[PDB]
Each structure stands twice: as C-alpha cells, then as structure tokens.
Amino acid sequence: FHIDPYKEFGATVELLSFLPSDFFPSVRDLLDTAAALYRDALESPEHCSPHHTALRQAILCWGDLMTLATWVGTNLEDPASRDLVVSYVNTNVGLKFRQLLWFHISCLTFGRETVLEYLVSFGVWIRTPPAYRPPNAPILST
Amino acid sequence: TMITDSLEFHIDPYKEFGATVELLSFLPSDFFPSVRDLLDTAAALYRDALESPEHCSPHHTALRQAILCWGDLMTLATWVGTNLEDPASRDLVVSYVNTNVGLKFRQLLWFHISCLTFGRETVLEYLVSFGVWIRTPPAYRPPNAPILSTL
Amino acid sequence: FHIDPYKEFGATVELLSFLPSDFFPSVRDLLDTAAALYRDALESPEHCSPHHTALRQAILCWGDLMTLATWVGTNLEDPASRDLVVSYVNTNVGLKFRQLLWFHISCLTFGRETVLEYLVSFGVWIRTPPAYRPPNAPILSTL
Amino acid sequence: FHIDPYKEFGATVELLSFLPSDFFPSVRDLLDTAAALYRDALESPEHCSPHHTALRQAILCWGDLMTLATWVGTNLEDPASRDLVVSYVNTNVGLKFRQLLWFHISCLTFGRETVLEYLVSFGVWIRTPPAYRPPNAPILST
Amino acid sequence: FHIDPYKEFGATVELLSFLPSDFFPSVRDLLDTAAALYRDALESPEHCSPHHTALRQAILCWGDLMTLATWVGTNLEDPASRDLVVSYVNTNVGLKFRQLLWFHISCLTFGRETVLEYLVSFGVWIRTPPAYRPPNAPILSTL
Amino acid sequence: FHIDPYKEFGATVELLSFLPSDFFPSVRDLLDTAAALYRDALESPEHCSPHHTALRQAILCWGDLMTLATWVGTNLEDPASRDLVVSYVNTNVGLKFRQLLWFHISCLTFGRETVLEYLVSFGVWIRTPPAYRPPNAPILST
C-alpha cells in the first residue's frame with residue numbers, strides 16, 4: 001500500500017519536492033490562514049471537496065503531533081532525549097505538514113491547475129542561472 | 001487580547017461524514033480492532049483504489065490520509081527508538097505513540113473502512129443500534145450484539 | 001516475483017487471512033470433499049475453471065509434501081529430528097494447503113461471490129473483541 | 001483421485017516422460033525466465049490463462065518448498081540429517097517443480113501446440129539409435 | 001561518422017554553441033527538472049518523442065559517467081590523479097551533458113520552435129560587444 | 001528516475017540479460033557496421049526512427065568516452081593509474097555501449113520483433129543443459 005497524499009490531486013510528493021523546503025511558510029501561518037479563510041467550511045458538515053477533506057484531516061493529524069509533542073515534554077525527564085522528540089516533531093514532520101497544508105490551502109485559493117502550474121514554474125525559475133531568468137520569481141494569483 | 005490555542009476550533013474529522021467524534025463514542029474504545037488488522041483489511045479491499053490517482057470518495061480520501069498519519073507516527077516512532085539515548089524515556093514515547101495516538105487512528109481506519117464496506121447509512125445506523133445494546137444494563141443486554149455483515 | 005495466489009480469484013491473502021487455524025477442516029477431509037464432489041471434473045482433461053485448475057495444482061503440491069514426509073520417514077535418522085521435519089510438513093505447511101483447498105473448493109461450491117462475501121462478513125465478526133462479538137460465528141451458506 | 005498435472009493442458013505425465021530428467025533447466029533459470037517475461041501477468045489480478053494460473057501456483061509451490069527447506073536448516077540440529085532433508089527438497093522435489101515451470105513457461109512462450117509438437121518431435125531424436133541421432137537435438141524456438 | 005546530435009531536432013551544434021558555460025544550470029538541477037516534470041513519460045514504455053528518447057539516452061550516458069567517477073574513486077590511487085579524472089568527468093564532460101539535457105528538456109517545455117527561435121535571438125545578443133549589448137540578456141519563455 | 005535503456009523499444013535490461021556479456025561483438029565492429037549501413041541516415045537531419053535516434057546518441061556517448069579516454073592518457077602523469085582509468089573506460093563502460101550499439105543496429109537491421117524474438121530464442125539455447133544444447137547457437141539473419 002504505497003499511498004501518495006498528492007496523487008489524487010494531480011500532483012506528487014516528488015513534485016512538491018521541486019520547491020526548496022525552506023520556501024513553505026510556517027505551520028502556524030498555514031494553520032492561521034486555513035482558519036483565516038476556511039474555518040467555516042472546514043467546520044461545515046459537508047465535505048466541500050477532496051481538498052477540504054484532506055486539509056481537514058491534515059490539520060487534525062498535525063494536531064495529534066502537537067499533542068504527542070506536549071505529553072512528551074510532560075512525561076519525559078531526560079530533556080536531551082525529551083527534546084530530541086519534541087523537535088523531530090516540530091521539524092522533519094512539520095515540513096511535511098507544511099507542504100501538505102500549503103498544497104491544499106493554496107489550491108483552495110488559486111486552483112489546482114494554477115498551483116500545479118506554479119510548482120513547475122517556480123521550481124524551474126528558481127533553478128535558473130539568474131543571468132538568464134525573469135527578474136523576480138513568480139507568485140500565485142487568481 | 002491574547003487569544004489563541006485549542007478549545008474554540010471546531011473541526012471534526014467526522015462531521016462531513018454525517019458523524020462526530022463524540023458519536024462513535026457509542027462504541028467502547030477497546031472494541032476497535034488492531035491498526036494492523038484495519039490496515040490489512042483496507043488493503044485487502046481498497047488498496048487498488050486508495051492507490052489510484054482518482055479521489056474515489058470522501059471516504060477514500062479521508063482514509064488515504066489517515067492510513068498515512070499512522071505511518072508518520074510509525075516513523076516518528078522508529079526514529080525515536082533510534083535517536084533517544086535514555087531508553088526508559090525512549091520506550092515511553094515509543095508507546096504513547098504505538099498505543100495512544102493509535103486508538104484514534106483505529107477509529108478512523110474503522111469508521112471509514114466500514115462505510116466503504118457497508119455504507120455511511122448502514123454504518124451510522126450500526127452505531128445507534130450498537131449504542132442501544134451496550135447502553136443496556138447487563139441484566140438485559142442480549143447474547144449477540146449488533147454487527148455489520150451479510151445475512 | 002510477488003504472487004498472491006488469491007488475486008486471480010478476486011481475493012487477497014490479507015482478506016483470506018482472518019480465517020483462524022481451527023476454522024479449516026482436515027487436509028484429508030478437504031481432499032476427501034474434493035474427490036467426493038469434483039473428482040470427475042478434477043480428473044478430466046477439461047480445464048474446468050481457473051478455480052478447478054488451481055485446485056488440481058494444489059491437491060498436487062500437497063501430495064509432494066506427503067512424499068517429502070514419507071521419505072523423510074524411511075531416510076532421515078535421528079527420530080527426534082526426522083520427526084521435527086515430518087511435523088513441519090504435516091502442520092505449518094499443512095495449514096496452508098488447507099486454506100487453498102478451502103478457498104477453492106468452497107468457491108467451487110458457493111461461488112467466488114458468495115465465498116468472498118462470507119469472508120468479508122466473517123472478518124467483521126472475528127475482528128470483534130468477544131465483549132461485543134455475537135455468540136456464534138457466521139457460517140457459510142448458499143442463500 | 002489421480003489428477004495428472006498435464007492432462008487439462010493437452011499433454012500428460014506420460015508424454016512429458018519423453019524428455020530426459022536431466023534436461024529441464026535450473027529452477028532458478030525457470031523462475032528467472034518467468035519473471036523475465038510474465039512477472040507482470042503472473043502478478044496481474046486476472047487469470048491470464050489456465051497456463052498462467054498453473055504457473056503462478058507452481059511458482060508458489062516451489063516457494064513453500066524453499067521455506068520448508070530453510071526452516072529445516074534452521075531447526076534440524078543434527079547436520080547430517082538436516083542436510084539430508086535440505087537436499088531432497090532442493091533436489092528431487094525440485095525436478096518435478098522443474099518440469100512444471102518448463103512445460104508451462106514454455107507454452108506461455110511458444111504455444112501448447114508447438115510445445116506438445118516439441119515433446120513428440122523430441123522423443124524421436126532421443127529415441128533414435130546413436131548411430132543416426134543428429135548432432136543437435138530438437139529445440140524450441142519462437 | 002560525423003553525427004551532430006542536433007540535426008534530428010533542427011538545430012546544429014554551431015547554433016546551440018553560443019550558449020555560454022554559465023548559462024546552463026546544474027546537471028543535478030537538469031536531471032532534477034527532468035524527473036520533476038517528465039519522469040513518468042521518461043520512465044514509460046512509450047517512446048514519447050524523438051526528444052524524449054534522446055533525453056533518456058542522455059540522462060543515461062550521464063549516469064555511466066557518474067559511475068566512471070565513483071569507480072575512479074574507489075580504484076584510482078594517487079589522489080592527485082584520481083582527482084584529475086574525477087574533475088574532467090565532473091566538469092568538461094559535465095558541461096556537455098548539460099547542453100543536451102538543456103536543449104532537450106527545454107524543447108520538451110517550450111517547443112523545438114520556441115527553443116530554436118530563442119537560440120537564434122540569444123546568439124544575436126551574446127554575439128554583441130557589450131558596448132552595444134542591451135543590459136540584460138534574452139530569457140526563454142513560452143509566448 | 002529509473003530509465004531503462006530498452007523499455008521504450010519493447011525489450012528490457014532484464015531481457016537482454018539473456019545474452020552473455022562476452023557475446024556482443026567489438027565496439028569497433030559495431031561502429032563499423034553502423035557506418036556500413038546507416039552512416040547516411042544516422043547523418044540525415046531527420047530522426048529516422050526512435051531506434052535511429054537512440055543509436056545516434058549511443059554512438060556519440062561512446063565517443064565522449066573515447067575522448068575522456070584520451071585526455072586521461074594525456075593528463076594523468078602516473079601511468080599506473082592513468083592506465084587504470086584508460087582501461088575501465090575502454091572496457092567496462094565499453095560493454096554497455098556494446099549492448100546498446102548491438103540491440104539498436106541489430107533492430108535497424110532485422111526488426112525490433114525479430115530482434116526480440118531472437119533474444120528469447122537465444123535464452124533457450126544458452127539455458128539449455130550442455131547435454132542437449134545444439135552445436136550452433138541461434139543466430140540473427142535477414
């Protein structure tokens with residue numbers, strides 16, 4: 001059972017890769033933005049879309065982590081070890097929760113097609129010897 | 001103000017599927033089968049789909065995504081037992097994951113696999129029904145209990 | 001390669017899994033029931049169904065095992081060990097032959113459909129902590 | 001019941017006898033060639049043919065043997081006999097599995113008929129007095 | 001024989017020439033962008049275009065070089081020399097793989113037409129003494 | 001990505017494995033035969049076929065190798081290792097380039113199908129117990 005969280009939305013993890021990791025914004029940020037412009041829906045009783053559904057669940061997975069996170073610092077003594085955990089959580093994992101929340105919130109905001117289009121676009125631009133590339137990187141717009 | 005944390009943030013992994021977290025409550029927690037089992041079953045009858053590039057249904061989607069949250073844990077777990085020095089603490093985390101976070105995964109895995117196998121409605125009905133049975137003082141709670149199947 | 005002996009027949013090992021050891025009857029009785037009611041076919045030159053085919057093929061791998069045994073018999077020495085083997089054959093390996101012989105013969109008698117359905121519902125059941133399991137398990141029938 | 005592995009496929013244990021035991025190539029090679037040109041199908045979820053079905057199963061039978069072959073080597077303490085078994089499995093049982101993998105993979109590759117024709121065409125040669133038996137024996141091919 | 005890897009695709013090495021070393025991005029990033037957006041195709045059993053074909057074929061010659069390196073690694077001795085080689089590989093030979101990977105991938109993304117046109121106009125530019133060169137060079141786009 | 005040289009052309013690295021390494025003839029000979037019957041086309045300005053394209057490129061790849069092979073011999077001072085490299089290039093890398101030039105030139109000459117059939121038809125022979133493997137092995141031709 002190899003499941004790519006991105007397949008069904010016409011994208012793939014390898015694709016989301018194309019963009020530098022440091023380029024996705026903060027879990028907070030993402031979170032705040034989802035609440036900013038989707039609370040309603042997310043909270044809603046009808047899945048409003050595969051995106052919504054995924055996004056919803058994703059917000060929730062992240063949550064369980066932030067919890068696992070807490071209980072750790074709250075039941076673990078060896079702080080080095082207690083922190084090892086508490087960080088790996090906030091790092092190697094967040095980054096994924098990060099792209100996932102971005103691929104979806106961004107789609108819901110500009111549109112799968114666009115989002116996808118964006119990904120290749122930037123990805124490529126970003127890898128272009130500057131001497132020869134549009135002046136300023138591109139950005140998502142409706 | 002200052003403002004910000006949990007309580008006050010109302011997103012129910014279960015709402016959009018005409019259920020709630022509170023609800024599945026009806027089912028005693030110790031009643032969900034093993035994550036493995038659940039996984040095993042999901043793969044036994046949805047791998048193909050799950051895997052496919054076609055969202056197949058809120059259920060499929062939710063489910064794919066849950067089948068994953070799990071793995072993320074199984075991975076945080078593994079990495080933990082490979083980077084935490086103090087073992088006692090390692091094994092502390094390694095369980096709280098492998099066990100606690102787990103139950104919740106268990107719920108989803110079930111609830112979704114179950115609808116995909118018998119139907120949101122049916123599934124929903126089951127709950128109310130099972131509820132009843134269970135809620136029933138022993139003194140009167142019957143032999144067989146409710147259960148989805150094919151009669 | 002990774003061959004699931006069950007895909008062909010719209011089943012998967014994971015599914016056919018939940019069926020507990022005690023569930024399948026004796027290899028003999030399996031064989032027995034096969035010859036009792038499919039022999040003719042089974043013997044005949046007609047592939048009769050992907051099902052039949054597999055069945056023959058299995059009824060056969062089993063035999064080879066029987067011989068592996070009978071030879072480990074008049075050949076292996078240290079009883080204690082010549083016995084270790086004979087039981088592995090007779091048991092673990094056996095249990096497997098049982099499923100196969102079961103899954104097939106049964107389809108041959110109620111239909112991939114009816115069989116698969118059963119399997120699904122049986123699972124549901126068996127996957128249930130006794131606390132909530134109905135008293136008696138789901139028996140396979142023709143409907 | 002007396003089920004003949006080869007009856008339903010138009011041949012028969014008797015017929016295959018035409019071929020000398022020391023002629024079917026190595027299980028490996030058989031497996032190797034099967035995965036080389038049937039992995040796909042074999043793995044497919046639709047019997048592709050009684051031949052396919054048979055082959056699938058035979059491959060798997062061999063497999064079980066191999067496991068028995070291992071657990072024996074990992075559970076029989078007295079080498080002498082452990083080794084005694086670990087071979088019988090690996091060798092005699094092997095022959096049979098060998099015939100099977102051949103007769104089926106061969107058909108899958110050239111055609112029941114061709115294959116059957118081959119068997120007959122082979123007898124000949126083999127049964128031909130040395131005085132006149134061709135240098136090259138008959139051989140399957142396309 | 002004298003094979004210009006570019007004729008097939010209505011280009012010629014002399015044309016593809018003027019593109020300066022610094023112009024092509026990293027072999028990695030090239031590879032990277034290829035897999036990022038042509039992998040599937042590239043992997044697939046479908047020749048997808050004389051373009052695709054070539055690309056695979058090149059993505060591949062490159063690999064062989066990588067290995068030539070990795071072996072010159074755990075095999076050549078006098079570091080100083082085992083290094084002479086590894087750089088030739090990694091550089092000169094690399095730069096070439098770059099063009100190829102570029103010329104193709106790009107056509108695959110803007111079209112022999114758009115690509116060739118670009119090349120022509122880029123030349124014009126780059127062939128110009130700075131004294132008269134417009135400030136910034138011509139970037140390749142989709143139009 | 002894992003690109004198989006031979007996938008798009010109906011074969012596969014696995015299949016070609018049938019042929020024993022020490023069987024593809026000399027790069028030279030390959031090149032020689034290519035220029036003997038494809039110089040023209042190869043040189044033409046129109047892909048004449050995916051096979052053509054591939055071959056062109058493979059010829060050229062070998063070429064780059066040869067140059068690396070030279071500059072190494074003209075830039076590595078310490079013979080020992082210079083020679084160490086000048087061979088690996090000229091020999092191992094050679095094998096691969098050898099398979100390629102063969103599989104393609106061969107198809108160009110006899111036909112993907114024929115060629116593929118050949119590969120299969122060859123396995124056989126080669127995998128046939130010495131006891132019965134024909135004197136002459138199978139061979140391509142018109």
# chains A, B, ... in the order shown; residues from 1 in each chain; ligands from 1
>>> residues_around(residues="residue 15 of chain D", least_positions_apart="4", cutoff="12 Å", atoms="only C-alpha atoms", output="list in words")
residues 4, 5, 6, 7, 9, 10, 11, 19, 20, 99, 103, 115, 116, 117, 118, 119, 120, 121, 122 and 123 of chain D
>>> residues_around(residues="residue 76 of chain C", least_positions_apart="4", cutoff="7 Å", atoms="only C-alpha atoms", output="mmCIF file with N, CA and C atoms, in the first residue's frame")
data_model
loop_
_atom_site.group_PDB
_atom_site.id
_atom_site.type_symbol
_atom_site.label_atom_id
_atom_site.label_comp_id
_atom_site.auth_asym_id
_atom_site.auth_seq_id
_atom_site.Cartn_x
_atom_site.Cartn_y
_atom_site.Cartn_z
ATOM 1 N N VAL C 72 11.280 -38.613 4.258
ATOM 2 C CA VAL C 72 11.985 -38.145 5.441
ATOM 3 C C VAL C 72 11.769 -39.241 6.448
ATOM 4 N N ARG C 82 13.976 -36.439 12.409
ATOM 5 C CA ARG C 82 13.181 -36.935 11.299
ATOM 6 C C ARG C 82 11.737 -36.620 11.643
ATOM 7 N N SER D 81 21.372 -35.194 9.107
ATOM 8 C CA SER D 81 20.001 -35.347 8.626
ATOM 9 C C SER D 81 19.392 -34.026 8.169
ATOM 10 N N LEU D 84 20.400 -33.856 5.106
ATOM 11 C CA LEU D 84 19.742 -34.935 4.383
ATOM 12 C C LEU D 84 18.424 -34.468 3.734
#
>>> closest_residue(among="F:73, F:135, F:1, F:113", to="chain A", atoms="only C-alpha atoms")
F:1
>>> calpha_fit_and_write(fixed="chain E", moving="chain C", output="compact mmCIF listing (two decimals) with C-alpha atoms, in the first residue's frame")
# COMPACT_ATOMS: atom_id res chain seq x y z
CA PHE C 1 30.69 9.05 -38.90
CA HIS C 2 30.01 12.72 -38.15
CA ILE C 3 26.89 12.80 -36.08
CA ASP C 4 25.58 16.11 -34.88
CA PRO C 5 23.34 15.25 -32.02
CA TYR C 6 21.26 18.21 -33.00
CA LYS C 7 20.36 17.87 -36.68
CA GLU C 8 17.50 15.42 -35.97
CA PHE C 9 15.96 18.24 -33.97
CA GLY C 10 16.52 21.03 -36.47
CA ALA C 11 19.33 22.56 -34.57
CA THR C 12 23.06 22.26 -35.08
CA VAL C 13 25.89 22.26 -32.70
CA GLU C 14 27.20 25.54 -34.15
CA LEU C 15 23.88 27.10 -33.27
CA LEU C 16 23.49 25.63 -29.87
CA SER C 17 27.04 26.83 -29.48
CA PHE C 18 26.81 30.48 -28.38
CA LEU C 19 25.13 29.44 -25.20
CA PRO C 20 27.87 30.25 -22.61
CA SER C 21 29.00 27.82 -19.89
CA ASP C 22 27.44 29.83 -17.11
CA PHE C 23 24.07 29.70 -18.93
CA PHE C 24 23.11 26.12 -18.23
CA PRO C 25 22.04 25.23 -14.77
CA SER C 26 23.45 22.26 -12.76
CA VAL C 27 23.47 18.72 -14.11
CA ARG C 28 21.64 17.85 -10.96
CA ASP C 29 19.01 20.51 -11.38
CA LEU C 30 18.73 19.46 -15.00
CA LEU C 31 18.17 15.90 -14.04
CA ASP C 32 16.11 17.18 -11.20
CA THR C 33 13.82 19.22 -13.51
CA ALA C 34 13.55 16.31 -15.92
CA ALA C 35 12.31 13.92 -13.24
CA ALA C 36 10.34 16.79 -11.75
CA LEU C 37 8.35 17.08 -14.89
CA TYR C 38 8.83 14.27 -17.47
CA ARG C 39 9.77 11.37 -15.26
CA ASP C 40 6.59 9.44 -15.76
CA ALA C 41 6.91 9.80 -19.52
CA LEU C 42 10.64 9.22 -19.49
CA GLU C 43 10.14 6.06 -17.44
CA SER C 44 7.14 4.71 -19.51
CA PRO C 45 7.46 2.20 -22.39
CA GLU C 46 6.22 4.72 -24.82
CA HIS C 47 8.85 6.36 -26.96
CA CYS C 48 7.23 9.71 -26.47
CA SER C 49 9.16 11.86 -28.92
CA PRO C 50 12.49 11.81 -30.63
CA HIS C 51 13.03 14.37 -27.96
CA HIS C 52 12.08 12.14 -25.10
CA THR C 53 14.15 9.31 -26.50
CA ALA C 54 17.32 11.36 -26.76
CA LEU C 55 16.70 12.70 -23.23
CA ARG C 56 16.52 9.22 -21.72
CA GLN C 57 19.51 8.19 -23.69
CA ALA C 58 21.39 11.21 -22.30
CA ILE C 59 20.09 11.10 -18.72
CA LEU C 60 21.71 7.74 -19.07
CA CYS C 61 25.18 8.43 -20.60
CA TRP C 62 25.46 10.83 -17.69
CA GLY C 63 24.94 8.13 -15.16
CA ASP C 64 27.65 5.96 -16.67
CA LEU C 65 29.94 8.91 -16.19
CA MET C 66 28.89 9.20 -12.59
CA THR C 67 29.93 5.65 -12.13
CA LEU C 68 33.17 6.09 -14.09
CA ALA C 69 33.75 8.63 -11.34
CA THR C 70 32.62 6.67 -8.34
CA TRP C 71 34.89 3.82 -9.53
CA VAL C 72 37.83 6.06 -10.34
CA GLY C 73 37.07 6.89 -6.78
CA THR C 74 37.45 3.55 -5.03
CA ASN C 75 40.04 2.42 -7.54
CA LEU C 76 42.37 5.09 -8.75
CA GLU C 77 45.12 5.77 -6.31
CA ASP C 78 47.41 8.75 -6.27
CA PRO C 79 44.67 11.09 -5.04
CA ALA C 80 46.10 13.95 -7.08
CA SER C 81 45.39 11.99 -10.25
CA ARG C 82 42.30 10.05 -9.19
CA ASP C 83 41.16 13.64 -8.81
CA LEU C 84 42.33 14.84 -12.21
CA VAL C 85 39.94 12.34 -13.74
CA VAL C 86 37.01 12.91 -11.45
CA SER C 87 37.04 16.52 -12.38
CA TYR C 88 37.30 16.02 -16.08
CA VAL C 89 34.24 13.87 -15.65
CA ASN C 90 32.51 16.26 -13.38
CA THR C 91 33.29 19.28 -15.49
CA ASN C 92 34.11 19.25 -19.17
CA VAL C 93 32.15 16.12 -19.79
CA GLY C 94 29.54 17.52 -17.47
CA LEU C 95 29.14 20.81 -19.26
CA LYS C 96 28.39 18.85 -22.38
CA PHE C 97 25.71 16.66 -20.68
CA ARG C 98 24.28 19.96 -19.55
CA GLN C 99 23.61 21.37 -23.08
CA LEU C 100 21.99 18.15 -24.16
CA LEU C 101 19.86 17.85 -21.07
CA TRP C 102 19.04 21.52 -21.60
CA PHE C 103 18.30 21.61 -25.30
CA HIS C 104 16.04 18.66 -24.93
CA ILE C 105 14.15 19.29 -21.70
CA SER C 106 13.57 22.87 -22.93
CA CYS C 107 12.13 21.84 -26.26
CA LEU C 108 10.05 19.46 -24.19
CA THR C 109 8.84 22.56 -22.44
CA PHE C 110 8.54 25.32 -24.99
CA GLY C 111 8.94 23.52 -28.26
CA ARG C 112 11.69 22.98 -30.79
CA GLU C 113 10.23 26.12 -32.37
CA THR C 114 10.22 28.39 -29.37
CA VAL C 115 13.59 26.94 -28.32
CA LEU C 116 15.27 27.34 -31.63
CA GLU C 117 13.94 30.88 -32.02
CA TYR C 118 15.35 31.68 -28.58
CA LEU C 119 18.68 30.27 -29.51
CA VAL C 120 18.78 32.47 -32.58
CA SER C 121 17.93 35.60 -30.76
CA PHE C 122 20.21 34.72 -27.86
CA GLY C 123 23.05 34.44 -30.25
CA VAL C 124 22.45 37.80 -31.80
CA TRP C 125 22.63 39.21 -28.31
CA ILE C 126 25.59 37.39 -26.91
CA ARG C 127 27.47 38.00 -30.13
CA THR C 128 27.34 41.64 -29.31
CA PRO C 129 30.24 43.58 -27.93
CA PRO C 130 28.96 44.85 -24.54
CA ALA C 131 29.39 48.35 -25.80
CA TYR C 132 26.21 47.69 -27.65
CA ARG C 133 24.66 44.71 -25.95
CA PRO C 134 21.38 45.61 -24.28
CA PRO C 135 21.85 45.42 -20.47
CA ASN C 136 20.04 42.21 -19.91
CA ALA C 137 20.08 39.02 -21.94
CA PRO C 138 17.08 37.33 -23.61
CA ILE C 139 15.32 34.87 -21.33
CA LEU C 140 13.47 31.89 -22.80
CA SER C 141 9.72 31.99 -22.43
CA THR C 142 6.52 30.47 -23.74
CA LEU C 143 4.88 33.43 -25.52
>>> closest_residue(among="A:71, A:97, A:86, A:18", to="residue 124 of chain A", atoms="only C-alpha atoms")
A:18
>>> interface_residues(of="chain D", to="chain F", cutoff="10 Å", atoms="only C-alpha atoms", output="count of residues only")
26
